[PDB]
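First up is the structure itself, then whatever we jot down about it.
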Amino acid sequence: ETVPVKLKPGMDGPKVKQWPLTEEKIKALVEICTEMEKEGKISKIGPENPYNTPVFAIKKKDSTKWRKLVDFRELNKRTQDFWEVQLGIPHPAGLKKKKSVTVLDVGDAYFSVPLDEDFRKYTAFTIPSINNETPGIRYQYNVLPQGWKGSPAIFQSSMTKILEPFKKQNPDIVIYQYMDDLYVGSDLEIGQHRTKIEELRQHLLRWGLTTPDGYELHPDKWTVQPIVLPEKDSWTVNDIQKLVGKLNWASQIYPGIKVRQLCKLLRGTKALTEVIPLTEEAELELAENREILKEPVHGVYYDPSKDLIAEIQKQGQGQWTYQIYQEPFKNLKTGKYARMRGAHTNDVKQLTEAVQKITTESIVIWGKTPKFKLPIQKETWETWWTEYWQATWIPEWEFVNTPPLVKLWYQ
Amino acid sequence: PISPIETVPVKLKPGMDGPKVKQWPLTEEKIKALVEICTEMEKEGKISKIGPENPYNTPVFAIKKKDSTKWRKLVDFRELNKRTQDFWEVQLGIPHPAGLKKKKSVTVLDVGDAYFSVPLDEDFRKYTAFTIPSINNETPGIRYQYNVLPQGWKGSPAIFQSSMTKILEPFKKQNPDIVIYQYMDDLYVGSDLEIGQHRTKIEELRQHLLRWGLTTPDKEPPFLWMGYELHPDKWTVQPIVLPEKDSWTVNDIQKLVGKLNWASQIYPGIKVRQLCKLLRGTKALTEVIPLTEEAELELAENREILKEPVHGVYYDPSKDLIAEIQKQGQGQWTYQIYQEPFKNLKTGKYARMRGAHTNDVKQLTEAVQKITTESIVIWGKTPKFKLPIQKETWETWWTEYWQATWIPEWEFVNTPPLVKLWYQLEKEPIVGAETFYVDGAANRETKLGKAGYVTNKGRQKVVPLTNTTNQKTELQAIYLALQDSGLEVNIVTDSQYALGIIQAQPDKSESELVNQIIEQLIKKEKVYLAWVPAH
Ligand SMILES: Cc1nc2cnccc2n1-c1ccc(Cn2c(=O)sc3ccccc32)cc1
């Protein structure tokens, strides 16, 4: 029986427009929805419903079965009080401490509990048509839908029960539920871990078709990423400039990094390739700085009232550096990402994975997905993001334009 | 005849109520038609008189169709529309003719007096209450309310398309072969039957519709549809008439550019760079704006294109979709979408809006993207591109470019002009080359600056500058350097601005200076730039 859902007052339902899809994807969405209609999960609606939320078609991990993916980012914002306060889900600040964290897809659970009849109208979605030749099939949800944060919020109760008999047996495995996924952590050994997960999978399945699936993470390896200076044997005027260049940039983050000591080696208009001797009277700065750069700065506390921001830089050669932060130059974390150079992998496919990577590291660490500053063209991303997308959630993003030394820095 | 179809439940916005707007008593000659027409509409059931106490009213007016003698009633519903909830936007965005699949026969049916033949949700009928006056302010009793979708009401278009979609379904089942596409009030029926077999189905539908209360008529292929002259196997845009004038206002150049753009989707080579560069200034309509030599030469080039007529072919989901791009002038591009050699599905152009020092490799990419979105919208798939660029050329730039990108399938097409990478910078300093420590600056007040350099070989220069920005100077420095240098140079600038503008390797930004620096880099064999914290 329904669990009254209200929109944050002074706010109306979502009215986001459907993006245009390839005939291929339209086709899959049609079959899926026709089935969901049969099973009563959704129903057709009329013009008396001004609401709308986007829908894509993705391929689940490892299968050639198409999956529907409703982008509820807007409805989520318009119901935030419901799933963040009224029914919040506390996040385990130690799940990041475990040695191995597997991710399970439980979204299929929600299709059980029916949705508040008065809220339904807000889940309206539209399967588009090509070239506009037709109106668009319109459906609204009748059960909790996946992608809608209100869904795990309402279902917690039923989740908390089905999981009780397991949390008692293995009081050391940590379980976090975000969106349609379960993040199970443990200090076991890879061999056992996979066993405990299969234990959990079967447990879940006995207590009601709660059928999941599998994603291997390792928080205990997610260590820092101190910047690196390139120490050489010889040093030209240029190298020293570039060195002074990165050093005078690092000073927006690190305190004790001074360079006026090294600036005295470029003294008065000298050739560029001219090797410069290594003055010891200065090295008490380079050496001093090579260290200040290995262990992080004071402060830098995760403000939970603020938003998480993730910037990514194209490092070229299938490599991408990234940093999550809330207030410029106080990164809470920074990493890298590498592709697998053959039979596929283009910038777009990589970025898409790097984003998915960063988002999961985020959920696990802060129980919160960040907002990305994607170095790509809005329309290009809007075109292909949906091709290499596996996640069942979608973060917020925006597109940036040209990093001065911010890339040459994190290299 | 009001249809037996189900009605759609309507409601007024959350805390509102119906229009109480009082009727303006006027001409009794009008009050003549209001009763004459309401009378007929009351019989047909479109309307009904209601109990004295309906707290609402919407002004009624009366307009004579000059040419016929038959007055037409008009109800300005705008006040109700403000109080009526929102509906699923009558899905706008008219299909592009280049995407429709060709058929042997296509008929159009005017479902005009349609929406008036559709029942309106019961409980919402009262808010549609109007009041026909009388001989003279004494007998107000003439009060009705609609039972069908009132012209001009807010939710009429929405509830009609809906109702129509439902009405056609039982018919589309019995006829899976044909395809029907409803639009505002004009039905489209196409098939691959036979001219006479196709004539039996069209009359079948009419009866079907009629059995639904909707009435239909008892033009030809060369159709009227929204700017598109249609044909038995082709399409084009309604003929165009580009103005000839001695004086032009903002409002005239706008209608010109608009008309010219509309042509683009079929007329190859259309340009607007200059004609629209004119509106750069403030939108102050009817502001007579002088022409220009370029703009005048341009308007001409279009006229010569529009000379002859251009026709478009339809879609064949059987063949591939190919798109080819041609770089025209600097900053402009054109492309054609086709399935068969020279006989386009559709055409169009692209241009660098900001143009802030860009790259031909990058613009060509912006076009491929621009075409990919369009193709998906129209054909539900992307095309195979044919491009004036060398795979190696492209890879070189994408692999070294900071932004991520990705072009669909594309083969090379050696057809000058090819795509440019006129000059490349040195990734490492150049040994044995003179090093210039350029730089400059201007006074934010005086508008005066100095641009020079100091070489390692002791040589130095400093040129005086007037009406210059601290960014104009920084580029004047780099320019000087390239001028007073050999064939290989090492330049060291304090300006990230200038550094980056050059690293993006632009071209002929018709910014004389930036075009001069560029011409200089081309001449050099090896240039190496480098930046150092300002000051
Ligand atoms: C595709 C085709 N083959 C034809 C062959 N002979 C004559 C006309 C032909 N058409 C044709 C004619 C007119 C129109 C325009 N058109 C109408 O008016 S009503 C309508 C609804 C949806 C989309 C388009 C449309 C679209 C296609």
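In the structure tokens, each chain is lettered A, B, ... as it comes, each chain's residues begin at 1, and ligands are numbered from 1 in order of appearance.
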Inset, instruction - Any chance you could list, as JSON, numbers by chain, the residues in region 136-319 of chain A that come up strand (DSSP E or B) when DSSP is run on the backbone? - result: {"A": [137, 138, 139, 140, 141, 143, 174, 175, 176, 177, 178, 181, 182, 183, 184, 185, 186, 216, 217, 236, 275, 309, 310, 311, 312, 313, 314, 315, 316, 319]}
Just-selected residues, C-alpha atoms written as a PDB file, in the first residue's frame:
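Output (part24.pdb):
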ATOM      1  CA  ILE A 137       3.986   6.557 -26.797  1.00  0.00           C
ATOM      2  CA  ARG A 138       3.476   7.793 -23.289  1.00  0.00           C
ATOM      3  CA  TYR A 139       3.675   5.912 -20.071  1.00  0.00           C
ATOM      4  CA  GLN A 140       3.665   6.560 -16.374  1.00  0.00           C
ATOM      5  CA  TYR A 141       4.854   4.214 -13.642  1.00  0.00           C
ATOM      6  CA  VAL A 143       5.374   0.670  -9.171  1.00  0.00           C
ATOM      7  CA  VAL A 174      29.424  -3.991   5.358  1.00  0.00           C
ATOM      8  CA  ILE A 175      26.387  -3.329   3.219  1.00  0.00           C
ATOM      9  CA  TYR A 176      25.455   0.015   1.692  1.00  0.00           C
ATOM     10  CA  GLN A 177      22.425   0.536  -0.552  1.00  0.00           C
ATOM     11  CA  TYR A 178      22.576   3.296  -3.168  1.00  0.00           C
ATOM     12  CA  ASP A 181      22.743  -1.152  -6.089  1.00  0.00           C
ATOM     13  CA  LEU A 182      24.115  -2.905  -2.993  1.00  0.00           C
ATOM     14  CA  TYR A 183      27.737  -2.247  -2.063  1.00  0.00           C
ATOM     15  CA  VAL A 184      28.975  -5.262  -0.098  1.00  0.00           C
ATOM     16  CA  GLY A 185      32.376  -4.877   1.602  1.00  0.00           C
ATOM     17  CA  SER A 186      34.687  -7.357   3.376  1.00  0.00           C
ATOM     18  CA  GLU A 216      35.055  -5.990  -8.070  1.00  0.00           C
ATOM     19  CA  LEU A 217      36.355  -2.908  -6.236  1.00  0.00           C
ATOM     20  CA  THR A 236      68.669  23.190 -19.468  1.00  0.00           C
ATOM     21  CA  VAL A 275      72.503  23.459 -19.920  1.00  0.00           C
ATOM     22  CA  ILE A 309      32.878  18.401  -8.154  1.00  0.00           C
ATOM     23  CA  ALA A 310      34.922  16.184 -10.463  1.00  0.00           C
ATOM     24  CA  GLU A 311      37.203  17.660 -13.129  1.00  0.00           C
ATOM     25  CA  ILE A 312      38.946  15.384 -15.639  1.00  0.00           C
ATOM     26  CA  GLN A 313      41.837  16.212 -17.952  1.00  0.00           C
ATOM     27  CA  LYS A 314      42.772  14.428 -21.162  1.00  0.00           C
ATOM     28  CA  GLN A 315      46.375  13.363 -20.706  1.00  0.00           C
ATOM     29  CA  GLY A 316      46.436  11.748 -24.124  1.00  0.00           C
ATOM     30  CA  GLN A 319      45.311   8.276 -19.962  1.00  0.00           C
TER      31      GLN A 319
END
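The neighbours of region 317-322 of chain B here are the residues that come within 6 Å of it, using only C-alpha atoms and leaving out any residue fewer than 2 positions away in the same chain; they are residues 337, 338, 339, 383, 384 and 385 of chain B.
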Enumerate, in order of chain and increasing residue number, the residues of chain B with an atom no farther than 6 Å from chain A, each with its shortest atom pair and distance in Å to one decimal, counting only C-alpha atoms, as JSON lines.
{"residue": "B:86", "atom": "CA", "partner": "A:50", "partner_atom": "CA", "distance": 5.7}
{"residue": "B:87", "atom": "CA", "partner": "A:50", "partner_atom": "CA", "distance": 4.6}
{"residue": "B:88", "atom": "CA", "partner": "A:50", "partner_atom": "CA", "distance": 4.2}
{"residue": "B:95", "atom": "CA", "partner": "A:131", "partner_atom": "CA", "distance": 5.1}
{"residue": "B:158", "atom": "CA", "partner": "A:47", "partner_atom": "CA", "distance": 5.9}
{"residue": "B:181", "atom": "CA", "partner": "A:133", "partner_atom": "CA", "distance": 6.0}
{"residue": "B:376", "atom": "CA", "partner": "A:22", "partner_atom": "CA", "distance": 6.0}
{"residue": "B:377", "atom": "CA", "partner": "A:131", "partner_atom": "CA", "distance": 5.6}
{"residue": "B:378", "atom": "CA", "partner": "A:131", "partner_atom": "CA", "distance": 4.3}
{"residue": "B:380", "atom": "CA", "partner": "A:22", "partner_atom": "CA", "distance": 4.2}
{"residue": "B:381", "atom": "CA", "partner": "A:22", "partner_atom": "CA", "distance": 5.3}
{"residue": "B:402", "atom": "CA", "partner": "A:314", "partner_atom": "CA", "distance": 5.6}
{"residue": "B:403", "atom": "CA", "partner": "A:376", "partner_atom": "CA", "distance": 5.2}
{"residue": "B:404", "atom": "CA", "partner": "A:376", "partner_atom": "CA", "distance": 5.1}
{"residue": "B:405", "atom": "CA", "partner": "A:347", "partner_atom": "CA", "distance": 5.9}
{"residue": "B:431", "atom": "CA", "partner": "A:273", "partner_atom": "CA", "distance": 5.5}
{"residue": "B:435", "atom": "CA", "partner": "A:271", "partner_atom": "CA", "distance": 5.9}
{"residue": "B:456", "atom": "CA", "partner": "A:269", "partner_atom": "CA", "distance": 5.2}
Prev. selection, N, CA and C atoms, output as an mmCIF file, in the first residue's frame:
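Printed below is again_26.cif as written:
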data_model
loop_
_atom_site.group_PDB
_atom_site.id
_atom_site.type_symbol
_atom_site.label_atom_id
_atom_site.label_comp_id
_atom_site.auth_asym_id
_atom_site.auth_seq_id
_atom_site.Cartn_x
_atom_site.Cartn_y
_atom_site.Cartn_z
ATOM 1 N N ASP B 86 -1.834 22.652 -17.533
ATOM 2 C CA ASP B 86 -0.942 22.395 -18.661
ATOM 3 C C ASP B 86 -1.228 21.011 -19.239
ATOM 4 N N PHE B 87 -1.020 20.895 -20.544
ATOM 5 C CA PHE B 87 -1.227 19.638 -21.252
ATOM 6 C C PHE B 87 0.097 19.170 -21.872
ATOM 7 N N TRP B 88 0.103 17.945 -22.384
ATOM 8 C CA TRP B 88 1.295 17.424 -23.024
ATOM 9 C C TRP B 88 1.430 18.225 -24.325
ATOM 10 N N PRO B 95 7.881 16.994 -39.127
ATOM 11 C CA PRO B 95 8.748 16.045 -39.819
ATOM 12 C C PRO B 95 9.426 16.666 -41.013
ATOM 13 N N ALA B 158 -4.279 19.540 -27.946
ATOM 14 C CA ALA B 158 -3.806 18.354 -27.260
ATOM 15 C C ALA B 158 -4.825 17.246 -27.159
ATOM 16 N N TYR B 181 -0.181 9.823 -40.999
ATOM 17 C CA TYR B 181 0.521 10.767 -40.149
ATOM 18 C C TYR B 181 -0.316 12.019 -39.950
ATOM 19 N N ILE B 376 20.275 11.701 -36.984
ATOM 20 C CA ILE B 376 19.539 10.921 -36.005
ATOM 21 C C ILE B 376 18.107 11.432 -35.875
ATOM 22 N N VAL B 377 17.927 12.747 -35.859
ATOM 23 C CA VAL B 377 16.579 13.296 -35.723
ATOM 24 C C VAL B 377 15.670 12.907 -36.864
ATOM 25 N N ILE B 378 16.205 12.983 -38.074
ATOM 26 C CA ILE B 378 15.450 12.660 -39.283
ATOM 27 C C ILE B 378 15.381 11.183 -39.681
ATOM 28 N N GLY B 380 16.963 8.475 -37.775
ATOM 29 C CA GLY B 380 17.111 7.474 -36.736
ATOM 30 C C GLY B 380 18.423 6.721 -36.803
ATOM 31 N N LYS B 381 19.335 7.203 -37.642
ATOM 32 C CA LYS B 381 20.644 6.600 -37.770
ATOM 33 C C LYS B 381 21.631 7.645 -38.227
ATOM 34 N N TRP B 402 43.423 18.618 -26.363
ATOM 35 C CA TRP B 402 42.938 18.479 -24.997
ATOM 36 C C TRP B 402 41.495 18.005 -24.835
ATOM 37 N N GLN B 403 40.618 18.384 -25.754
ATOM 38 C CA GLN B 403 39.222 17.980 -25.637
ATOM 39 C C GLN B 403 39.009 16.601 -26.261
ATOM 40 N N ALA B 404 38.122 15.805 -25.686
ATOM 41 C CA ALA B 404 37.856 14.491 -26.252
ATOM 42 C C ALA B 404 36.910 14.687 -27.425
ATOM 43 N N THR B 405 37.022 13.816 -28.426
ATOM 44 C CA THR B 405 36.136 13.877 -29.589
ATOM 45 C C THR B 405 36.007 12.526 -30.241
ATOM 46 N N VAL B 431 67.842 23.637 -30.366
ATOM 47 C CA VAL B 431 69.256 23.888 -30.100
ATOM 48 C C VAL B 431 69.907 24.671 -31.236
ATOM 49 N N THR B 435 67.068 32.793 -29.215
ATOM 50 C CA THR B 435 65.941 32.786 -28.308
ATOM 51 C C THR B 435 65.486 34.199 -28.047
ATOM 52 N N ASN B 456 68.939 36.519 -26.791
ATOM 53 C CA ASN B 456 70.065 36.049 -26.001
ATOM 54 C C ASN B 456 71.341 36.601 -26.649
#
Inset, instruction - Rank A:54, A:255, A:152, A:191 by their smallest atom-to-atom distance to residue 16 (chain A), using only C-alpha atoms, and report the top residue only. - result: A:54
Inset, instruction - All residues within 9 Å of ligand 1 are required, counting only C-alpha atoms and all ligand atoms; please report them as a count of residues only. - result: 49
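Using only C-alpha atoms, the nearest neighbour of residue 150 (chain A) within the list A:358, A:179, A:284, A:163 is A:179.
The shortest atom-to-atom distance to residue 334 (chain A), with only C-alpha atoms taken into account, belongs to A:224 out of A:224, A:303, A:84, A:290.
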Inset, instruction - Can you work out the spacing between CA of residue 416 (chain B) and CA of residue 503 (chain B) in Å, to one decimal? - result: 25.3 Å
Legend entry - Best match for closeness to residue 200 (chain A) among A:102, A:146, A:86, A:157, counting only C-alpha atoms: A:102
Inset, instruction - Could you check which of B:492, B:327, B:251, B:91 is closest to residue 128 (chain A), using only C-alpha atoms? - result: B:91
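Considering the residues A:199, A:390, A:399, A:85 and counting only C-alpha atoms, residue 68 (chain A) has its shortest atom-to-atom contact with A:390.
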